[PDB]
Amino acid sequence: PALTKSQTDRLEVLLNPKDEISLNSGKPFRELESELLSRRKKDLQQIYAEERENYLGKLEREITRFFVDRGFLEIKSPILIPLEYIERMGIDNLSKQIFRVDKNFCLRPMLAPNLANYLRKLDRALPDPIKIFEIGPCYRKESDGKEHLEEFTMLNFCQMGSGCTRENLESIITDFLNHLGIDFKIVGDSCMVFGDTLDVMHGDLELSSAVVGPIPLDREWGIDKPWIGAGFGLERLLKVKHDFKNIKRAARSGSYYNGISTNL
């Protein structure tokens, strides 16, 4: 007997990368579902007995330790930001991807503008070079797909002053991804806000866009020194690490816990 689309979808929710099970072997849906339900209950029970840490939270903590230990200041800045930042970032009326709140605010679609303000302010007090980073939620309206979430988690690290060269940026990216065990290559790309980017690719998956300043946008943000920076999506990092087929397994969700369905 054949499986319906609804039945296949249910089994795909319960399947995990480490399994090797044929969904269309001819084994009935009831036995495939029962087997996968038992494997997933066992997996969740083991997490609850022995680890208890959320993958996104744990990865944020691991990344925070890496950057703090390398001299970067840990920032936590507003998620709800002025809508005026959008136009001022050169997102001309991507603009359609912004979640608006009330009439003068929005959910930040990236960390960059708040970090640019911190670089400018901290350069009045701290010695050269200024090194900061932030990890937290960002928001974009997206077409459904395997590598995009509307609510995702960004890391952005950046530096301003001395040492803001392409080679130092590539070296930090290399140390960072070597620390996480993730293979990558760097390919050129370009974007509306920053211009030319160094995109960090794991196969066809974009893990990061990175930028070597200065750029013309700097003047509108009061940035007047060389700078480098890069933005990474944490759920994309987890998708690679855990071989997830869909990024939703990695997301803030009520539907998956550490990639295990919560519909059991």
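The numbering used is simple: start at 1 and walk along the sequence shown.
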Unmodelled deposited residues flanked by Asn93 on one side and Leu94 on the other: 1 to 3
Going by the entry, of stretches 169-177 and 81-89 the one with greater average Cα B-factor is 81-89
Comparing average C-alpha B factors as deposited, tell me which of 51-59 and 220-228 sits higher. 220-228
Candidate residues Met201, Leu36, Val68, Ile215, the one whose C-alpha B factor the record puts highest: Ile215
Which listed residue, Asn156, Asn104, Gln159, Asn117, has the largest C-alpha temperature factor in the record? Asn104
If you rank the chain by CA B-factor, which third does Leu11 end up in: lowest, middle or highest? lowest
For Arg140, the third of its chain into which the C-alpha B factor falls: lowest
Grab the CA temperature factor for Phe133 from the record and place it in the lowest, middle or highest third of its chain. lowest
Grab the CA temperature factor for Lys42 from the record and place it in the lowest, middle or highest third of its chain. highest
With respect to C-alpha B-factor, does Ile98 fall in the lowest, middle or highest third of the chain as deposited? highest
